[PDB]
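Read the structure below first, then the notes.
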Amino acid sequence: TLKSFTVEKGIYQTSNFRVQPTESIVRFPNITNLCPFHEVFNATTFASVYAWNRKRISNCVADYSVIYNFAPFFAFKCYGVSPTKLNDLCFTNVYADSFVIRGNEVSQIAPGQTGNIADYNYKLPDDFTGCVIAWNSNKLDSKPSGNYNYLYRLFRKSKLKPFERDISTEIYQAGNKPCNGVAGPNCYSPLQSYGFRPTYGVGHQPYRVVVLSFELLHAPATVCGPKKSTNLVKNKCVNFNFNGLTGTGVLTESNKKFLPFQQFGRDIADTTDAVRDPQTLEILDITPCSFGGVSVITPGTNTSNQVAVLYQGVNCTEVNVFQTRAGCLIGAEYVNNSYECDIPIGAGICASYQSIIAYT
Amino acid sequence: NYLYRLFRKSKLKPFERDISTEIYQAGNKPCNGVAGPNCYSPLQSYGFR
Amino acid sequence: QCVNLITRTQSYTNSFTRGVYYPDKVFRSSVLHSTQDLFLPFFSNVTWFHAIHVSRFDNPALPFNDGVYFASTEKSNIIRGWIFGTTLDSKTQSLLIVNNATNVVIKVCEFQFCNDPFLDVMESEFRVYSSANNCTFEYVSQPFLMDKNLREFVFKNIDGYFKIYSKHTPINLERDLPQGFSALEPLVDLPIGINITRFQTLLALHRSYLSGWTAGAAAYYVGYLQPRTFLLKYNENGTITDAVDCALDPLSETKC
Ligand SMILES: *[C@@H]1O[C@H](CO)[C@@H](O[C@@H]2O[C@H](CO)[C@@H](O)[C@H](O)[C@H]2NC(C)=O)[C@H](O)[C@H]1NC(C)=O
Ligand SMILES: *[C@@H]1O[C@H](CO)[C@@H](O)[C@H](O)[C@H]1NC(C)=O
Ligand SMILES: *[C@@H]1O[C@H](CO)[C@@H](O)[C@H](O)[C@H]1NC(C)=O
Ligand SMILES: *[C@@H]1O[C@H](CO)[C@@H](O)[C@H](O)[C@H]1NC(C)=O
Ligand SMILES: *[C@@H]1O[C@H](CO)[C@@H](O)[C@H](O)[C@H]1NC(C)=O
Ligand SMILES: *[C@@H]1O[C@H](CO)[C@@H](O)[C@H](O)[C@H]1NC(C)=O
Ligand SMILES: *[C@@H]1O[C@H](CO)[C@@H](O)[C@H](O)[C@H]1NC(C)=O
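Residue numbers (my numbering), protein chains in the order written: chain A, 1 to 360; chain B, 1001 to 1049; chain C, 2001 to 2256.
What follows is the structure in structure tokens.
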């Protein structure tokens, strides 16, 4: 500290004692109001790809783990975001699009792809941020007679724009002559039936597809992953993260009666002195961990190399140990004799070298 | 021919290269070196056209 | 089914020291805290509106400015909520706050609002709006118009959030804007994120069954918040018991 190899006799304030943080405590509100993924990925009836079902998702917690464990998935391809980071990401809106297609066309549900499904039934934009999930649905959607309730659009005048749906049943006019709204040669009804049967090849078996599209807007993002309760440890110096307010301190019991709308608490000098726990509605007195001014009492290096340490303001139980009003003095022995002051300690206590003695 | 590391357990340090072609565990279930559910390959190729 | 039924008259009164709210969610005890925020100035000009329906369009839409202080001495059933937005038609988003006997429904959709919107009593919203499309927000909670009693609200639209503050202060024969301090507790911080420039009060009308609606009257006070610096007194229990407006008079300026 003194930037010299020889130290003159005296007391030098050299360092600051600190109580190191031991554990990390993160307290967040109870997980609840989970997003209804269980009503999207487990529905009694799915929808035809032409009339694909869209559910808007907002104002809820997104627990993607239930989506992960719902079924074995033929594809869980995620475009523009990794699947794992989703829980730690918060999005403004999540759109869940549900439909049934044949297995061969699952590859078509991706950005930049072409086919009957991509051009005429469901289109994803080139810059799409989201995930595509598909799983086999033979038990739910296959009948031996043939399931004729799943339809697709085979004929359309122009390609679909991204996130567009056409429900029109208008007869597709492929020829110069007007159709007149009655089926006729060169006039074909656009919606064809997916005649699913249990004995079809894997390419043609029915597959249920849910497309999750995540969008961020200027509005505050209200769909974010789970919040970890962790656990609450009191009476020790732990790094606390309470509802995004971070710090480091002991959390003692509080006698302060907060009003119901208040969450934190502040000192006269605008320093946090209290907090309300989100998990349990209790008030805790945040008190920062102990600190002290480490002062080194030493005679000249010409005479001796013994030193004594004064922890300024620190009681002796919180760190040849003597308790002074200045702080805790370690390394000097109190003598009931009184001499003149050699090295000033404070509060009437002075130190001298004879070993190092401390006296009034 | 150009691949990127989609998955890794931790972030890399400056000027560090990772070429380990080991499987990544994305879920609670261990993967045991075989791909399948919630087990994905870390290296994915770019669709350059 | 938009019908013009409400006529409105206006007078001017004094704000006294009404309109103070808690500027944040921080517990402060036995301190003097100076904050600069959108507050209703002390002894300011507040407009008293009387809305009368007897059994032409004479109920215009009020501006919102930087936030609105609302007060009413009426019972909880006559005034049933508010409307917020810019154009108040199907082209922009709008916020509808409707209270009833059991709960409050706050809902942000693309409402095609009527010129004179009112809830008619079952309860029907066909006289409030004709259509509501592309609805993006809904929030149902316990009501804040429950049961002589002066009800005060402060609405702010700051950085995407529709901050609503409220207080229920009983009053006697004394004028509807009383003396003393009643700090407004932060009630609902709605994450809306829409543009709000105009607002209108919603009233409830009963069918007559005999002049299709029963005659009624409602009195309410509207004041406008301004960027002002206040010095609030926090007592031992964290309640704001007193405040001084720093720009009102030299004595309060010295205090601030
Ligand atoms: C008061 O408002 C609530 C909320 O809008 C009404 O309760 C809903 O009534 C509808 C009837 O269309 C039900 O489908 C909902 O399930 C109810 N929701 C809740 C949360 O209860 C209530 O009916 C209204 N009461 C009156 C008298 O108008
Ligand atoms: C999912 O579907 C199966 C099929 O019957 C049902 O048994 C199960 O309860 C469903 N789970 C949920 C969470 O809906
Ligand atoms: C949160 O969870 C705790 C512990 O289960 C419970 O006591 C409390 O009522 C819950 N709700 C709130 C709002 O704290
Ligand atoms: C309030 O405003 C009106 C017109 O805006 C004005 O005539 C009236 O004098 C004002 N009130 C006071 C107390 O000045
Ligand atoms: C609003 O509604 C119209 C028709 O109801 C629709 O064309 C438009 O895309 C909608 N916009 C949004 C943002 O939902
Ligand atoms: C809010 O609406 C008003 C009235 O139409 C308009 O003048 C103003 O520009 C709008 N603000 C924004 C940010 O769009
Ligand atoms: C504050 O709380 C205490 C303890 O409940 C109570 O006795 C006192 O009346 C309250 N008000 C004031 C102004 O101290």
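For each residue, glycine too, the CB sits at the ideal point set by N, CA and C.
Let me make sure I understand the geometry here. Which of the options has the alpha-carbon closest to that of residue i?
i, options, result
"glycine 2085 of chain C", "C:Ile2079, C:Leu2096, C:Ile2078", "C:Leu2096"
"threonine 2229 of chain C", "C:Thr2013, C:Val2020, C:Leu2005, C:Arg2008", "C:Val2020"
"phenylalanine 41 of chain A", "A:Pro299, A:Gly201, A:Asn87, A:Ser137", "A:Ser137"
"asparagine 2099 of chain C", "C:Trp2082, C:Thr2007, C:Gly2160", "C:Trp2082"
"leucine 86 of chain A", "A:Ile297, A:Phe214, A:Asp270", "A:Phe214"
"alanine 96 of chain A", "A:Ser295, A:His38, A:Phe74, A:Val81", "A:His38"
"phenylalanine 155 of chain A", "A:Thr169, A:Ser58, A:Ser295", "A:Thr169"
"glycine 247 of chain A", "A:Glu253, A:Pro220, A:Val275, A:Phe258", "A:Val275"
"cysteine 60 of chain A", "C:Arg2018, C:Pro2191, C:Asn2004, C:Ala2243", "C:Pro2191"
"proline 72 of chain A", "A:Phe17, A:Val19, A:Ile133", "A:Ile133"
"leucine 2 of chain A", "A:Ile349, A:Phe322, A:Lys161, A:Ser295", "A:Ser295"
"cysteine 131 of chain A", "A:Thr14, A:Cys187, A:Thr84, A:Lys161", "A:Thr84"
"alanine 219 of chain A", "C:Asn2157, C:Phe2070, C:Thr2047, C:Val2068", "C:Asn2157"
"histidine 2053 of chain C", "C:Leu2032, C:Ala2215, C:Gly2223, C:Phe2043", "C:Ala2215"
"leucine 245 of chain A", "A:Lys256, A:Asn121, A:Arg266", "A:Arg266"
Confirm the yes/no value for this check: CB of residue i, any heavy atom of ligand 7, distance under 7 Å.
i, result
"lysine 257 of chain A", "yes"
"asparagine 315 of chain A", "no"
Regarding residue i and ligand 6, is the C-beta to nearest heavy atom distance less than 7 Å?
i, result
"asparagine 2195 of chain C", "yes"
Hey, is residue i's beta-carbon within less than 8 Å of any beta-carbon in chain B?
i, result
"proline 226 of chain A", "no"
"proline 83 of chain A", "yes"
"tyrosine 207 of chain A", "no"
"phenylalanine 261 of chain A", "no"
"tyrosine 68 of chain A", "yes"
"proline 125 of chain A", "no"
"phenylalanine 128 of chain A", "no"
"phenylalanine 242 of chain A", "no"
"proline 299 of chain A", "no"
"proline 72 of chain A", "yes"
For residue i, verify whether its CB is less than 7 Å away from any heavy atom of ligand 1.
i, result
"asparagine 2103 of chain C", "yes"
"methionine 2146 of chain C", "no"
"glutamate 2110 of chain C", "no"
"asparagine 2100 of chain C", "yes"
How about residue i: is its Cβ closer than 7 Å to a heavy atom in ligand 4?
i, result
"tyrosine 2012 of chain C", "yes"
"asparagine 2045 of chain C", "yes"
Flag residue i as yes if its beta-carbon sits less than 8 Å from any beta-carbon of chain C, otherwise no.
i, result
"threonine 222 of chain A", "yes"
"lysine 256 of chain A", "yes"
"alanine 219 of chain A", "yes"
So is residue i in contact with chain A if we call contact Cβ pairs under 8 Å?
i, result
"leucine 1006 of chain B", "yes"
"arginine 2028 of chain C", "yes"
"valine 2031 of chain C", "yes"
"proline 1042 of chain B", "no"
"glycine 2160 of chain C", "yes"
"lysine 2025 of chain C", "yes"
Give a yes or no on whether 8 Å exceeds the smallest Cβ distance from residue i to chain F.
i, result
"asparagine 1038 of chain B", "Among the protein chains of the structure shown, namely A, B and C, there is no chain F."
Measuring only from the beta carbon, is residue i closer than 7 Å to any heavy atom that is part of ligand 3?
i, result
"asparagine 33 of chain A", "no"
Any heavy atom of ligand 5 inside 7 Å of the beta-carbon of residue i?
i, result
"residue 1951 of chain C", "Any question about residue 1951 of chain C goes unanswered here, given that chain C covers just 2001 to 2256."
"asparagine 231 of chain A", "no"
"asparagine 93 of chain A", "no"
At a threshold of 7 Å, does residue i count as lining ligand 2 (C-beta to nearest heavy atom)?
i, result
"residue 416 of chain A", "Lying outside 1 to 360, the shown extent of chain A, residue 416 of chain A is not represented and no answer is given."
Review point. Between the region 2172-2204 of chain C and chain A, which residues of the former have CB atoms less than 9 Å from a CB of the latter, in chain order?
Key: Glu2185, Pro2186, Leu2187, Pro2191, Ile2192, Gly2193, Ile2194
Review point. Can we say the region 262-272 of chain A touches the region 2021-2032 of chain C, given the rule of at least three CB pairs closer than 8 Å?
Key: yes
Practice item. Name, going along the chain, the residues of the region 159-182 of chain A whose beta-carbon falls closer than 9 Å to a beta-carbon of chain C. Key: none
Exercise for review: Report yes or no: do the region 2121-2135 of chain C and the region 1042-1049 of chain B share at least 3 C-beta pairs separated by less than 8 Å?
Suggested key: no
Exercise for review: Using a Cβ-Cβ cut-off of less than 8 Å, list which residues of the region 2207-2240 of chain C approach chain A; keep chain order.
Suggested key: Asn2237, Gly2238, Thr2239
Point to revise | Segment contact flag, the region 9-25 of chain A with the region 138-149 of chain A, C-beta cutoff 8 Å, min 3 pairs | key: no
Practice item. Assess, as a yes-or-no matter, whether the region 96-109 of chain A is touched by the region 196-209 of chain A under the definition of 3 or more beta carbon pairs within less than 8 Å. Key: yes
Check your understanding: Quick one: any contact between the region 30-37 of chain A and the region 225-240 of chain A, if contact means 3 or more CB pairs under 8 Å?
Key -> yes
Check your understanding: What are the residues of the region 262-288 of chain A that lie near chain C, defined by any Cβ-Cβ distance shorter than 7 Å?
Key -> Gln262, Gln263, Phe264, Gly265, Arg266, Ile268, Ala274
Review point. Should the region 2191-2198 of chain C be called in touch with the region 267-283 of chain A, which here means at least 3 C-beta pairs below 8 Å?
Key: no
Review point. Is there contact here, the region 1019-1035 of chain B with the region 329-341 of chain A, by at least three beta-carbon pairs under 8 Å?
Key: no
Practice item. Flag this pair as touching only if the region 285-292 of chain A and the region 236-248 of chain A have three or more C-beta atom pairs under 8 Å; answer yes or no. Key: yes
**Study point:** Segment contact flag, the region 2201-2208 of chain C with the region 2129-2148 of chain C, C-beta cutoff 8 Å, min 3 pairs
**Key:** no
Review point. For the 8 Å Cβ check, are there 3 or more pairs between the region 2231-2239 of chain C and the region 2046-2063 of chain C?
Key: no
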